[PDB]
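Here is what each chain is made of, one letter per residue.
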Amino acid sequence: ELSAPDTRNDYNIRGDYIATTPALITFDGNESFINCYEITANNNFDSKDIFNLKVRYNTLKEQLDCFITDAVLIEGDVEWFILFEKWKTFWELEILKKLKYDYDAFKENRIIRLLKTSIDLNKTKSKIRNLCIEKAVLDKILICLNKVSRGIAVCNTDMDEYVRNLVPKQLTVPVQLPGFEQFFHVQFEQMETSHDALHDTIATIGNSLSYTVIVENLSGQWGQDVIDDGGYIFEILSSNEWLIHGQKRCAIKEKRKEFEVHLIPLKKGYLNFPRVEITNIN
Amino acid sequence: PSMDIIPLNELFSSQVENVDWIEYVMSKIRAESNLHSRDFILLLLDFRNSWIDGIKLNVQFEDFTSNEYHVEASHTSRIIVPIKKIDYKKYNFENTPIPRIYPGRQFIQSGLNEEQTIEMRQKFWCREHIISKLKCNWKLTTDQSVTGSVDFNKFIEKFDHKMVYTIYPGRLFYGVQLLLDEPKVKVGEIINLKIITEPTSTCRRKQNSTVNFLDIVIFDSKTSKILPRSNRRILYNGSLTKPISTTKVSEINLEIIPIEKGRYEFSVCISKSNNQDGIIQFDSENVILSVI
Amino acid sequence: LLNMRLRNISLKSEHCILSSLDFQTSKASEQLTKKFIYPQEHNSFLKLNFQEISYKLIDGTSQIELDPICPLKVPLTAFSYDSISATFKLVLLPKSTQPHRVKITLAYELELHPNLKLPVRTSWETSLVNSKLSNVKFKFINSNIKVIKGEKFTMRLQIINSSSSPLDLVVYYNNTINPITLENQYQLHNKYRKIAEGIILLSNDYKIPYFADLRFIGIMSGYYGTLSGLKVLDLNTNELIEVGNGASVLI
């Protein structure tokens, strides 16, 4: 969750992510989990506040052993009446050294010990003796978490009873620059070879510096290269920047670098520094 | 003396609607407004004349018609017929037909006996479906009235493995449709995408990983798919891998928060695992949407 | 030492040679006269370019650049005009003249007139498909020209032989997906699927015995560059050589 700051901004955010169809949205430290957020601006321009993220994460290493604890070795409420109770911290001194299989837990093979020390560990019944529904029935359950490893045994069904809810909550900077202006270059293509069916990437920018520059790049062509010389003609509106191009060549190292290290610069008229370029080759 | 089978993807246009098969598939799809294409595959017969005059070569498949296919002396010509592909949710195809000499020899199978014995059964049963309708009538060019037919059971060789999953869905694993909200959304708007997957009868080869990992890949409707970091193009919630069961009709979702685009495309693939070379099929269901 | 100029030449092999000069503002000279301009209360320069011309250096010749140009004047900027050369066969490095006229400015007077001309050689210098066995050269007689609209069309593979057993070979298209970093698997799969399923070649094993027609139909859209699949095969062991040539947009 990303939310409002501590001012009277009332920003019309609409993006969110609650885990609504799952309760178990996993992650494995090699893929993305990109989360996207639409923070649409309120009645004024969007300011420079500090926002706050809210993530309700949890590590996997408490979740997976609940079926190894509350299903495998705590089935009957009389077999888990006093057998678990006097050795729960002994179980938490037993299951904390489980060292589960988090190296092949991508494809399958959840709920297996990865053979740390399986044979020497059963000597704990000797120097400390407790109820045999734990002291003798859970070594079979220790074998039942050694072998019998289910790939996906619907682990969100037995999750919510024992999974703790950690909650990191970092800041969110809305980090930006401050110079608003605009531009509109216009263009008309001059024939080289044949029309190659040009395709657009984008047009936007954001910059602030000292002896400041705003570089631009052309569209993207998907025919044979060294293509048509785009002839351009400016309408450098709403400011007085500094041009640096005239009639470039559209598949090359040319770049219509409309630099702006100058005056006539309004400040903070939008969410950041912005200068909507919007080149038009029509 | 050859054979090839090719699927279909373009809806086509009205100004070219004058050759026989495209006006047949368009005319068939004026009603029944759930199918559009990818279900009207197209088989390529190639007639060859080992004789000394022209012949005129009609072909009728089911209600398909032809033109006056004037063939020549030793000229091969290629004749194009469209068929709706054989659905395995209208049938079952696990029956061997016994031949017409009941000699009771009671032979063996002698392969992976649950795989090749029904796999070659899949082959000549799909050949039974192709043979049992396909009809030709030929008359010699302005020198006779010899209007005969042309049998095919000495001609269609076998089916190779391309010509099984081209003709018969249910050779590869998951039937997939893609259910979408709108194709004509503006920029600043959020869309649930909903794929719907159907695991098959022929998942019986494995059962081991009940979980099976898909992907969703986004193509530009020119070429060259966008990366995972789809910067300023498309936005989404979470990693797209989003597993399905080999149990029943699982569903899945994303939130295609569009930004500054036009004319995208969505399609999936099936990967069984997380590792490379885990990928086992690529579906072809390509729902396109436009962004204004 | 007021405006740095460079000429870039690109060799478009299917057309003329293209060479473009490029003016610039030469910043290491602008801060010089910026110091005296803001001493005299002026922010940027006002150099006026009134006569810019590239002439073909020869005994005597001149050209004309391939678009329109006015008489312009800019403060801190760069401009670049393009003029088309003629694509030489072998070993003649042409030269050009490139004269210019920068007119400086002051307070409605004192226009110190300058002129410049840097003459140099305009040679930067960084579809027949041969058989690679016995010079059986193939060329399409209309390559890269086809705007079809999912209709039928015909092409022309003009085979040029040794005229020594000129009846040898057979064309075919191979409608089969070739069997091939995971998105490097997917881009190759989409390329190999759209190659082997989009067009059909209605005359399949045509068995050519020196023109051909090769009617296609083309059932999916998109720019098919280089038109792969369309192989031939010849009297020896495996002359499986491509055409590698011809392209068709299908919309």
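What the entry reports as its method is cryo-EM, with 4.18 Å given for the resolution.

Draft legend 1. Expanded view of the overall build of chain B. Regarding its fold elements, chain B presents three helices and 16 strands. With respect to the three principal axes, the spread of C-alpha positions in chain B is 70 × 55 × 30 Å. Relative to all contacts within chain B whose residues are 6 or more apart in sequence, the contacts with residues 24 or more apart total 71%.

Draft legend 2. Summary view of the overall build of chain C. Assigned secondary structure in chain C consists of two helices and 17 strands. Relative to a compact globule of 251 residues, whose C-alpha radius of gyration would be 18 Å, chain C shows 28 Å and is clearly more extended. A principal-axis box enclosing the C-alpha atoms of chain C has dimensions of 80 × 50 × 35 Å.

Draft legend 3. Molecular detail of the interface of chain A and chain B. Opposite the 14 residues of chain A that make contact, chain B presents 15 residues. Taken together, the residues that form the side of chain A that touches chain B break down as seven nonpolar, three polar and four charged.

Draft legend 4. Region of the structure containing the sheet that holds strand 4 (residues 76–82) of chain B. Residue and element names in this part refer to chain B. Read from one edge of the open sheet, three strands run 1-2-4, paired in antiparallel fashion. Only two strands of the sheet have a single partner each, and these edge strands are strand 1 (3–6) and strand 4. Neighbour-to-neighbour, the strand axes of this sheet turn through a mean angle of 25°, independent of strand direction. With four bridges connecting them, strand 1 and strand 2 (residues 42–48) associate as antiparallel partners. Paired with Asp4 across the two strands is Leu44, which belongs to strand 2.

Draft legend 5. A look at the interface of chain B and chain C. The interface of chain B with chain C comprises 30 residues on the first partner and 27 residues on the second. Counting residues per element, the ones that place at least two in the side of chain B that touches chain C are strand 1, strand 2, strand 4, strand 10 (214–219) and strand 15 (264–270) of chain B. A class-by-class count of the residues in the side of chain B that touches chain C yields 15 nonpolar, seven polar and eight charged.

Draft legend 6. Broad picture of the sheet that holds strand 16 (residues 287–291) of chain B. Taken in spatial order, the four strands of this open sheet run 7-16-15-10 (chain B), and their pairing is mixed. Each edge of the open sheet is held by one strand with a lone partner, namely strand 7 (184–185) and strand 10 of chain B. Examined bridge by bridge, strand 7 of chain B and strand 16 of chain B share two bridges and lie parallel to one another. Its bridge partner lying in strand 16 of chain B, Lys184(B) is registered against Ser290(B). Running at roughly 60° to strand 10 of chain B, helix 2 (residues 182–195) of chain C makes contact with strand 10 and strand 15 of chain B of the sheet.

Draft legend 7. Local environment of the pattern of salt bridges. Residues and elements named next belong to chain B. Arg30 serves as the salt-bridge partner of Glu17, at 2.4 Å between the closest nitrogen and oxygen. Within this pair, whereas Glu17 is found in the loop between strand 1 and helix 1 (20–28), its partner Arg30 is found in the loop between helix 1 and strand 2, the two being separated by 13 residues in sequence. A salt bridge links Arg204 to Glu115; the nearest nitrogen and oxygen atoms lie 2.5 Å apart. With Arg204 in the loop between strand 8 (192–198) and strand 9 (211–212) and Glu115 in the loop between strand 4 and helix 2 (116–131), this residue pair connects regions lying 89 residues apart in the sequence.

Draft legend 8. Broad picture of the packing of aromatic side chains. Residues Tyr88(B) and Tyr168(B) carry aromatic rings whose centres are separated by 6.5 Å and whose planes lie at 85° to one another, so their mutual orientation is edge-to-face. Taken as a pair, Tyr88(B) in the loop between strand 4 and helix 2 and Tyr168(B) in the loop between helix 3 (162–165) and strand 6 (175–180) lie far apart in primary sequence, 80 residues in all. Pairing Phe282(B) with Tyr186(C) gives two aromatic rings, centres 5.7 Å apart and planes at 65°, and the pair type is edge-to-face. Linking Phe282(B) in the loop between strand 15 and strand 16 with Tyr186(C) in helix 2, this pair reaches from one chain into another. Among the aromatic side chains, those forming a connected cluster through ring pairs are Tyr88(B), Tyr91(B), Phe93(B), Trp125(B) and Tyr168(B). In this arrangement the basic side chain of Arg205(B) is found over the ring face of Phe173(B), its NZ or CZ atom lying 4.0 Å from the centre.

Draft legend 9. Representation of the environment of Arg14(A). Assignment of secondary structure puts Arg14(A) in the loop between strand 2 (12–13) and strand 3 (39–40). Spatially, the C-alpha atoms of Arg14(A) and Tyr37(A) are 7.3 Å apart, while their sequence positions differ by 23 residues.

Draft legend 10. Representation of unusual backbone geometry within the structure. Look at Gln247(A): it is not a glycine, yet its phi comes out positive at around 60°. The phi torsion at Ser26(C) lies on the positive side, around 60°, for a residue other than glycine. Here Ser26(C) shows up in the loop between strand 2 (18–22) and helix 1 (27–37).

Draft legend 11. Here's a closer look at the pairing of strand 2 of chain C. Residue and element names in this part refer to chain C. Across five bridges, strand 1 (residues 6–10) lies against strand 2 in antiparallel orientation. In the strand pairing of strand 2, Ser10 is matched with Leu18. Relative to strand 6 (residues 82–84), strand 2 is paired through three bridges, and the arrangement is antiparallel. Directly across from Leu18, in strand 6, lies its bridge partner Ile84.

Parameters and conventions
- Residues numbered from 1 in each chain as written, not as in the entry; some residues may be left out.
- Chains lettered and ligands numbered in written order.
- Part of a larger assembly, values for the part shown.
- Heavy atoms only, no water.
- Residues with missing side-chain atoms left out of burial classes, pairs and counts.
- Helix = DSSP H or I, 4+ residues; strand = E, 2+ residues; numbered from the N terminus.
- Contact = heavy atoms within 4.5 Å.
- Rg over C-alpha atoms; globule rule 2.2 N^0.38 Å.
- Nonpolar A, V, L, I, M, F, W, Y, C, P; charged D, E, K, R; others polar.
- Pairing = 2+ DSSP bridges.
- Axes fitted to C-alpha atoms, helices over the stretch in contact; angles between N-to-C directions.
- Salt bridge = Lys/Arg side-chain N within 4 Å of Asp/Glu carboxyl O.
- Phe/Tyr/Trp six-rings, centres within 6.5 Å; stacked < 30°, edge-to-face > 60°.
- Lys NZ or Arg CZ within 6 Å of the ring centre and 35° of its normal.

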